[PDB]
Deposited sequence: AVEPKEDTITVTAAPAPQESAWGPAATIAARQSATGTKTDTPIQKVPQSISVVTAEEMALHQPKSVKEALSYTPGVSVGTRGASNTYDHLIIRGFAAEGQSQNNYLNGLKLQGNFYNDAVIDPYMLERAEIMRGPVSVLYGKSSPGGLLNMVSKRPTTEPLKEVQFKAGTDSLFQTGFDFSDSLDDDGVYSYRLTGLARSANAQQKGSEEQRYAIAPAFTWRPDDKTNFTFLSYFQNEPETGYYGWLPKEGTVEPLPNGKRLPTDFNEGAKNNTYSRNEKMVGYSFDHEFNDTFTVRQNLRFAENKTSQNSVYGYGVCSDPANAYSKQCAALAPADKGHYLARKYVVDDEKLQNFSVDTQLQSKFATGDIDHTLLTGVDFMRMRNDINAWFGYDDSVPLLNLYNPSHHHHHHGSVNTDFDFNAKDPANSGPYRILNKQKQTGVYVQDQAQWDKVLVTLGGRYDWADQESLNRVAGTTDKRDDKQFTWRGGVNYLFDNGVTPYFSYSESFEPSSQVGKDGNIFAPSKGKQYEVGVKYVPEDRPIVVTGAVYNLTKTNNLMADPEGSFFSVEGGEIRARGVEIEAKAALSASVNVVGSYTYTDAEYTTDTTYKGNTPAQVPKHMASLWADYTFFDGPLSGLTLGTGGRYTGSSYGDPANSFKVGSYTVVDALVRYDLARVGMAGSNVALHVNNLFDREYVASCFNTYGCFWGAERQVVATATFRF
């Protein structure tokens, strides 16, 4: 006997639609790709998609610490343009703008595959670092009646259900209904989180060739929790009296609010005409809204950024070190996103070479109407950090220290791509290319001014895999990427797109007779045309910057015994500003040099303890620099997660199980990361969650 997550991590996690847009084994993908399945996520119970990727290399999942508002990922030392999220659902980009970024609950997901390195050859404009692809739960062939309950620390209560069945008796019509209601208290005092998500799905499958699945996902977040900044004085370094801010410190106002609403509908259609021609089309329309009244910290009064503020000026020079300057943002956004991707897959042979030719057309359009009001310096009263919070008037919008931000952002991307996976005996070359027509239009409603830029970009990817019969698969690939800029220069023109190029050499060990997945890769990823500070006495940005990231990623999954499953990863990252006006030669913030993670779970299959699973794991994050100037450093930390799971099948409930998850078992107090001297984030406190899943 063996557990469900065992084969899932080492067998089911070998298929990958991401990285090639065709269902290809990972060893035949010329690029690094990690797959997390629903069974692995069922075992670990990640709070979001970020924690699901805790044991994969090359990705920094916990830079924001205890905050859960966004699923932001730093992949290979890079983030999306504007610190957005480069997240994809069902092969279509979850496009977001400004604070309007959508998140998908992991309980609604069947898989989460993360592509590392440029993937613009397939998905259009994308970050150089990589891409996260989420796959929605689809209706199941067999009936499913699952209810889940959670009762954790910080007053956590989650009730969820996952029902699937076949409407007809043969199976052509089947549905799935996944929902969850989650309420919890945030780590920071006075902040709460509420989420209601439901995912109606419907599959029409007239026969084995054709398949039409309707995918919808509606989420309501009356409160998304804490998203504030804390100074490095008090978190990384002691306060002047020698103390540190408590990990539950909340610098925001009492009436801080943060809402999100997500409504997306779409479909996933595939149809095989014959053994030669197969068509696929993915479509989705999403309507996301975000509201927010946030007061956030902006470093202590002795921070250089607050050099001449009036409120900090009136303090005594000694007192300036333990007073937190604050600002505010009042935001209301409405985003409309539509994306459709059509692919024609052709399979044919040219002599002794097997060709799998993929030809696709992808279209994307996004609109985001922002109605924001930003508090500038001295817009919020100072907060004493030596105190043993009150309300804020978010409607008293003083023009002296605050201003409007009313912007209508329009984006459009059309892409035509051709990919060829030609296989000759053991050699599999992957040559692909894509042409994009990214257009962007921004309108400032306050001044009635418009910024517009149309970009024509060509990106190609070329990789070679040699498939030894031992399962060892050496590979090397070159991938290009592009990301249109959003800023303008001194002349008011939007900059040319930044481009990412990568050389990656790796080896994948995917044996066909053993449940082991070992992958390693060494990469050289450069982001040219990065934006940097003006060296000529202006504060505008200029083009011409360059960031280079090299490193080694090792990932291992194995089932050493039928009772023992081990997931581990190691990462070495060398990120450096190769060309930049300031920060030249510096390492980007929140990028550690070394990251490691190890997981192991033991399942008892005999004796009095039969059906019991003991899980334990540990994530190590090396020291990272706290600001682009590399002035200070954030220390390393190791976080240990435990797990106790009991299969209720023996007690009489097949499929059911009760688990107890402890995250940060040793309750380490650490700073997760800092992006500057004024923005620092506490790591998550120890969390104990008892969860019961019942299968009817």
Missing stretches, numbered from 1 on the deposited chain sequence and kept in order: 1-17, 406-415
